[PDB]
Amino acid sequence: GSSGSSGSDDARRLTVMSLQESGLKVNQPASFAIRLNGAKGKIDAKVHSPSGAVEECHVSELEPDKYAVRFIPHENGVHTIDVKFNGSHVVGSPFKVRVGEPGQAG
């Protein structure tokens with residue numbers, strides 16, 4: 001019709017911010033923000049694992065142009081972020097992030 005069911009969507013119109021890829025910490029809370037260039041609809045953020053499990057990340061709406069997504073990066077190698085918007089993977093998705101950092105604490 002005219003006002004209701006819509007065809008295409010605005011998924012590619014999304015930019016990731018404060019996203020850790022080479023500075024993640026195991027057994028530690030890690031959240032990131034998602035910039036919106038004026039794309040409305042639905043937001044989906046889940047964490048994938050090579051073990052065959054799919055966890056759900058906490059998604060809270062703070063700003064009409066910005067969002068927060070917390071997740072616990074716990075894997076045995078590399079993680080794979082999956083972002084969906086109105087049924088479509090945004091640009092540069094999924095995203096890759098290597099957990100770990102060059103250093104020793106203790």
# chains A, B, ... in the order shown; residues from 1 in each chain; ligands from 1

$ residues_around --residues "residue 22 in chain A" --least-positions-apart "2" --cutoff "12 Å" --atoms "only C-alpha atoms" --output "list in words"
residues 19, 20, 24, 25, 26, 73, 77, 78, 79, 96, 97, 98, 99, 100, 101 and 102 of chain A

$ write_last_selection --atoms "N, CA and C atoms" --output "compact mmCIF listing (two decimals), in the first residue's frame"
# COMPACT_ATOMS: atom_id res chain seq x y z
N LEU A 19 34.04 0.27 18.63
CA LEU A 19 34.01 -1.18 18.48
C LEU A 19 35.41 -1.77 18.62
N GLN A 20 35.59 -2.60 19.65
CA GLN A 20 36.88 -3.23 19.90
C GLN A 20 37.05 -4.48 19.04
N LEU A 24 40.02 -6.62 22.91
CA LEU A 24 38.97 -7.22 23.74
C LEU A 24 39.58 -7.94 24.94
N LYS A 25 38.81 -8.04 26.02
CA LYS A 25 39.27 -8.71 27.23
C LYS A 25 38.33 -9.85 27.61
N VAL A 26 38.89 -11.04 27.76
CA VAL A 26 38.11 -12.22 28.12
C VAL A 26 37.49 -12.06 29.50
N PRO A 73 32.54 -10.88 25.17
CA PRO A 73 33.39 -11.55 24.19
C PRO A 73 34.17 -12.72 24.79
N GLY A 77 39.07 -18.22 20.25
CA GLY A 77 39.81 -17.74 19.10
C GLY A 77 39.31 -16.40 18.60
N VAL A 78 38.64 -16.41 17.46
CA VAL A 78 38.10 -15.18 16.88
C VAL A 78 36.58 -15.15 16.96
N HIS A 79 36.03 -13.98 17.25
CA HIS A 79 34.59 -13.81 17.36
C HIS A 79 34.01 -13.23 16.07
N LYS A 96 34.66 -8.90 12.28
CA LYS A 96 35.62 -9.78 12.92
C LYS A 96 36.37 -9.05 14.04
N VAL A 97 36.61 -9.75 15.14
CA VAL A 97 37.32 -9.17 16.27
C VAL A 97 38.19 -10.21 16.97
N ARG A 98 39.50 -9.95 16.99
CA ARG A 98 40.44 -10.87 17.63
C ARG A 98 40.62 -10.53 19.10
N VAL A 99 40.13 -11.41 19.97
CA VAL A 99 40.23 -11.20 21.41
C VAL A 99 41.67 -11.36 21.89
N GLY A 100 42.10 -10.47 22.77
CA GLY A 100 43.45 -10.54 23.29
C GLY A 100 44.21 -9.23 23.11
N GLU A 101 45.33 -9.09 23.82
CA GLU A 101 46.14 -7.89 23.73
C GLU A 101 47.58 -8.17 24.12
N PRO A 102 48.52 -7.50 23.43
CA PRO A 102 49.96 -7.67 23.69
C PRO A 102 50.38 -7.09 25.03

$ residues_around --residues "residue 48 in chain A" --least-positions-apart "3" --cutoff "10 Å" --atoms "only C-alpha atoms" --output "PyMOL selection string"
chain A and resi 45+51-56+73+75+78-82+94

$ residues_around --residues "residue 92 in chain A" --least-positions-apart "2" --cutoff "12 Å" --atoms "only C-alpha atoms" --output "list in words"
residues 11, 12, 13, 14, 15, 16, 80, 81, 82, 83, 84, 88, 89, 90, 94, 95 and 96 of chain A

$ write_last_selection --atoms "N, CA and C atoms" --output "PDB file, in the first residue's frame"
ATOM      1  N   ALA A  11      19.539  -0.383   5.853  1.00  0.00           N
ATOM      2  CA  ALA A  11      20.471  -1.139   6.679  1.00  0.00           C
ATOM      3  C   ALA A  11      21.912  -0.717   6.407  1.00  0.00           C
ATOM      4  N   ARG A  12      22.239  -0.534   5.132  1.00  0.00           N
ATOM      5  CA  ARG A  12      23.584  -0.132   4.739  1.00  0.00           C
ATOM      6  C   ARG A  12      23.914   1.258   5.274  1.00  0.00           C
ATOM      7  N   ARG A  13      22.892   1.962   5.751  1.00  0.00           N
ATOM      8  CA  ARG A  13      23.073   3.305   6.289  1.00  0.00           C
ATOM      9  C   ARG A  13      23.325   3.257   7.795  1.00  0.00           C
ATOM     10  N   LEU A  14      24.317   2.471   8.198  1.00  0.00           N
ATOM     11  CA  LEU A  14      24.660   2.336   9.610  1.00  0.00           C
ATOM     12  C   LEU A  14      26.170   2.229   9.795  1.00  0.00           C
ATOM     13  N   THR A  15      26.704   3.009  10.730  1.00  0.00           N
ATOM     14  CA  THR A  15      28.134   3.001  11.008  1.00  0.00           C
ATOM     15  C   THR A  15      28.413   2.588  12.448  1.00  0.00           C
ATOM     16  N   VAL A  16      29.347   1.659  12.623  1.00  0.00           N
ATOM     17  CA  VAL A  16      29.710   1.179  13.951  1.00  0.00           C
ATOM     18  C   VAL A  16      30.702   2.120  14.624  1.00  0.00           C
ATOM     19  N   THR A  80      32.705 -13.409  15.882  1.00  0.00           N
ATOM     20  CA  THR A  80      32.030 -12.907  14.691  1.00  0.00           C
ATOM     21  C   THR A  80      30.732 -12.194  15.054  1.00  0.00           C
ATOM     22  N   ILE A  81      30.732 -10.872  14.921  1.00  0.00           N
ATOM     23  CA  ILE A  81      29.553 -10.074  15.233  1.00  0.00           C
ATOM     24  C   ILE A  81      28.557 -10.089  14.079  1.00  0.00           C
ATOM     25  N   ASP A  82      27.276 -10.207  14.412  1.00  0.00           N
ATOM     26  CA  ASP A  82      26.223 -10.231  13.403  1.00  0.00           C
ATOM     27  C   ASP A  82      25.199  -9.131  13.660  1.00  0.00           C
ATOM     28  N   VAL A  83      25.176  -8.134  12.782  1.00  0.00           N
ATOM     29  CA  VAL A  83      24.244  -7.020  12.913  1.00  0.00           C
ATOM     30  C   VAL A  83      23.180  -7.062  11.823  1.00  0.00           C
ATOM     31  N   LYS A  84      21.917  -7.068  12.236  1.00  0.00           N
ATOM     32  CA  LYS A  84      20.803  -7.106  11.297  1.00  0.00           C
ATOM     33  C   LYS A  84      19.891  -5.898  11.485  1.00  0.00           C
ATOM     34  N   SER A  88      18.486  -7.463   7.187  1.00  0.00           N
ATOM     35  CA  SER A  88      19.591  -7.231   6.265  1.00  0.00           C
ATOM     36  C   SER A  88      20.865  -6.870   7.023  1.00  0.00           C
ATOM     37  N   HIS A  89      21.957  -7.552   6.692  1.00  0.00           N
ATOM     38  CA  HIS A  89      23.240  -7.303   7.341  1.00  0.00           C
ATOM     39  C   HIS A  89      23.840  -5.982   6.870  1.00  0.00           C
ATOM     40  N   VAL A  90      24.060  -5.069   7.810  1.00  0.00           N
ATOM     41  CA  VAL A  90      24.630  -3.766   7.492  1.00  0.00           C
ATOM     42  C   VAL A  90      25.944  -3.911   6.734  1.00  0.00           C
ATOM     43  N   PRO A  94      29.251  -9.807   8.466  1.00  0.00           N
ATOM     44  CA  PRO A  94      29.554  -9.664   9.894  1.00  0.00           C
ATOM     45  C   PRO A  94      30.919  -9.026  10.135  1.00  0.00           C
ATOM     46  N   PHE A  95      31.183  -8.662  11.385  1.00  0.00           N
ATOM     47  CA  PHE A  95      32.451  -8.040  11.748  1.00  0.00           C
ATOM     48  C   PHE A  95      33.349  -9.030  12.486  1.00  0.00           C
ATOM     49  N   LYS A  96      34.656  -8.900  12.280  1.00  0.00           N
ATOM     50  CA  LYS A  96      35.622  -9.781  12.925  1.00  0.00           C
ATOM     51  C   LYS A  96      36.368  -9.049  14.036  1.00  0.00           C
TER      52      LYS A  96
END

$ atom_distance --atom1 "CA of residue 63 in chain A" --atom2 "CA of residue 5 in chain A"
25.5 Å

$ select_by_dssp --residues "chain A" --states "strand (DSSP E or B)" --output "PyMOL selection string"
chain A and resi 14-17+24+30-36+44-48+54-56+58-60+66-71+78-84+89+95-99

$ atom_distance --atom1 "CA of residue 39 in chain A" --atom2 "CA of residue 64 in chain A"
9.9 Å

$ closest_residue --among "A:28, A:86, A:60, A:49" --to "residue 10 in chain A" --atoms "only C-alpha atoms"
A:86

$ closest_residue --among "A:61, A:74, A:106, A:9" --to "residue 41 in chain A" --atoms "only C-alpha atoms"
A:9

$ decode --residues "range 7-62 of chain A" --atoms "C-alpha atoms" --output "PDB file, in the first residue's frame"
ATOM      1  CA  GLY A   7       9.947  -2.788   0.445  1.00  0.00           C
ATOM      2  CA  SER A   8      13.662  -2.047   0.699  1.00  0.00           C
ATOM      3  CA  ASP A   9      15.186  -0.831   3.965  1.00  0.00           C
ATOM      4  CA  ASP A  10      17.952   1.382   5.352  1.00  0.00           C
ATOM      5  CA  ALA A  11      20.471  -1.139   6.679  1.00  0.00           C
ATOM      6  CA  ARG A  12      23.584  -0.132   4.739  1.00  0.00           C
ATOM      7  CA  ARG A  13      23.073   3.305   6.289  1.00  0.00           C
ATOM      8  CA  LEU A  14      24.660   2.336   9.610  1.00  0.00           C
ATOM      9  CA  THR A  15      28.134   3.001  11.008  1.00  0.00           C
ATOM     10  CA  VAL A  16      29.710   1.179  13.951  1.00  0.00           C
ATOM     11  CA  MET A  17      31.453   3.143  16.701  1.00  0.00           C
ATOM     12  CA  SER A  18      33.620   2.390  19.734  1.00  0.00           C
ATOM     13  CA  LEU A  19      34.010  -1.179  18.479  1.00  0.00           C
ATOM     14  CA  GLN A  20      36.884  -3.226  19.897  1.00  0.00           C
ATOM     15  CA  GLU A  21      38.490  -5.729  17.525  1.00  0.00           C
ATOM     16  CA  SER A  22      42.094  -6.091  18.685  1.00  0.00           C
ATOM     17  CA  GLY A  23      41.622  -4.933  22.265  1.00  0.00           C
ATOM     18  CA  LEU A  24      38.974  -7.219  23.741  1.00  0.00           C
ATOM     19  CA  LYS A  25      39.270  -8.705  27.230  1.00  0.00           C
ATOM     20  CA  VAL A  26      38.107 -12.217  28.120  1.00  0.00           C
ATOM     21  CA  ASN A  27      35.661 -12.655  30.998  1.00  0.00           C
ATOM     22  CA  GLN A  28      34.987  -8.920  30.735  1.00  0.00           C
ATOM     23  CA  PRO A  29      31.981  -6.806  29.670  1.00  0.00           C
ATOM     24  CA  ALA A  30      32.375  -5.124  26.282  1.00  0.00           C
ATOM     25  CA  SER A  31      29.787  -2.846  24.674  1.00  0.00           C
ATOM     26  CA  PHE A  32      29.758  -0.693  21.539  1.00  0.00           C
ATOM     27  CA  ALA A  33      27.683   2.069  19.947  1.00  0.00           C
ATOM     28  CA  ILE A  34      25.930   2.179  16.575  1.00  0.00           C
ATOM     29  CA  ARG A  35      25.671   5.438  14.631  1.00  0.00           C
ATOM     30  CA  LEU A  36      22.458   5.996  12.672  1.00  0.00           C
ATOM     31  CA  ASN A  37      22.435   8.150   9.536  1.00  0.00           C
ATOM     32  CA  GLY A  38      18.659   8.367   9.792  1.00  0.00           C
ATOM     33  CA  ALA A  39      17.763   4.693   9.468  1.00  0.00           C
ATOM     34  CA  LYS A  40      14.645   3.571  11.337  1.00  0.00           C
ATOM     35  CA  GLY A  41      13.008   0.176  11.744  1.00  0.00           C
ATOM     36  CA  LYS A  42      14.471  -2.637  13.833  1.00  0.00           C
ATOM     37  CA  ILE A  43      17.876  -3.307  15.390  1.00  0.00           C
ATOM     38  CA  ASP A  44      19.396  -6.754  15.908  1.00  0.00           C
ATOM     39  CA  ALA A  45      22.701  -7.560  17.608  1.00  0.00           C
ATOM     40  CA  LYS A  46      23.801 -11.103  18.446  1.00  0.00           C
ATOM     41  CA  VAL A  47      27.148 -12.760  19.170  1.00  0.00           C
ATOM     42  CA  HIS A  48      28.229 -15.836  17.212  1.00  0.00           C
ATOM     43  CA  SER A  49      30.670 -18.531  18.333  1.00  0.00           C
ATOM     44  CA  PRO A  50      32.697 -21.263  16.578  1.00  0.00           C
ATOM     45  CA  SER A  51      31.320 -23.713  19.141  1.00  0.00           C
ATOM     46  CA  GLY A  52      27.862 -23.541  17.595  1.00  0.00           C
ATOM     47  CA  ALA A  53      26.126 -21.241  20.067  1.00  0.00           C
ATOM     48  CA  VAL A  54      24.267 -17.967  19.528  1.00  0.00           C
ATOM     49  CA  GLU A  55      23.985 -15.546  22.446  1.00  0.00           C
ATOM     50  CA  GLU A  56      21.967 -12.325  22.600  1.00  0.00           C
ATOM     51  CA  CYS A  57      23.601  -8.978  23.376  1.00  0.00           C
ATOM     52  CA  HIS A  58      21.905  -6.368  25.563  1.00  0.00           C
ATOM     53  CA  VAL A  59      20.469  -3.640  23.334  1.00  0.00           C
ATOM     54  CA  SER A  60      19.241  -0.424  24.949  1.00  0.00           C
ATOM     55  CA  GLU A  61      17.925   2.674  23.179  1.00  0.00           C
ATOM     56  CA  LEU A  62      19.451   5.802  24.716  1.00  0.00           C
TER      57      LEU A  62
END
